[PDB]
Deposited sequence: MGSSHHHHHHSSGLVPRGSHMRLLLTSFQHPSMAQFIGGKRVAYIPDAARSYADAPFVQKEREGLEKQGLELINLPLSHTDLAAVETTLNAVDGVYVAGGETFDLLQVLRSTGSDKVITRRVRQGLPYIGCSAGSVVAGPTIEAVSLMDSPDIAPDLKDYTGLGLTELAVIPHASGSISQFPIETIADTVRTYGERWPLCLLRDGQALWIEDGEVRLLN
């Protein structure tokens, strides 16, 4: 019973989606540089910090076993995938989610769950992960989320969003998500939330 909530920038249904109070918080995407945590904490969720960069694989496994859900924070998508691949936590996380551990993605966290992270090359710099060549995602979903699709963030203007569709729209099943939208994927069905 895999359950996913792939948000562009979070959603009010996060705590209800977890169905519990304790959530492992993975912050490695932003490791190269608070607001996100307060979003979860304001809904009554307790955050168990899980920095994959500083956590041995055995401790990752047990931590994901003692929490009600996992949240992958936004940041640099390529850095996040690089950490996931190098640590080997990508397999641990995927296995736990496929076994029923609810997964909340935010921005980069939603992108890595898809088939690839190459489609966000114009949004997040691949240069932050010089030795990362294989951009294959976790594959939890077939949808390639493009977050912040409304261009409201100065960091990701609408011209960049349009460039992403032009460069990658043909090959990849882009799913543009605006801030406030999310994909609730449960029981093998994809619900588009507003």
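Gaps in the coordinates relative to the deposited sequence fall at 1-19, 53-58.
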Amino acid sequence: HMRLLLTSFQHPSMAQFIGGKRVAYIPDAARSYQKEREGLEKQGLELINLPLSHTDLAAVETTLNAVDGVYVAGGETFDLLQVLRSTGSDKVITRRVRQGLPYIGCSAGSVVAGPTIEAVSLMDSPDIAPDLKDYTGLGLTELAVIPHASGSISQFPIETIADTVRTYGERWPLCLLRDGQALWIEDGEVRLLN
From here on, numbers count along this sequence of modelled residues.
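Look at the C-alpha B-factors of 148-156 and of 164-172. On average they run higher in 148-156.
For the two regions 57-65 and 43-51, the entry's Cα B-factors average higher over 57-65. Sorting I93, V111, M123, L81 by the CA temperature factor given in the entry leaves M123 at the top.
The entry lists C-alpha B-factors for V70, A29, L138, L132, and the highest of these is at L132. The PDB entry assigns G180 a C-alpha temperature factor belonging to the lowest third of its chain's modelled residues. For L6, the recorded CA B-factor ranks within the lowest third of the chain. Only modelled residues enter the ranking.
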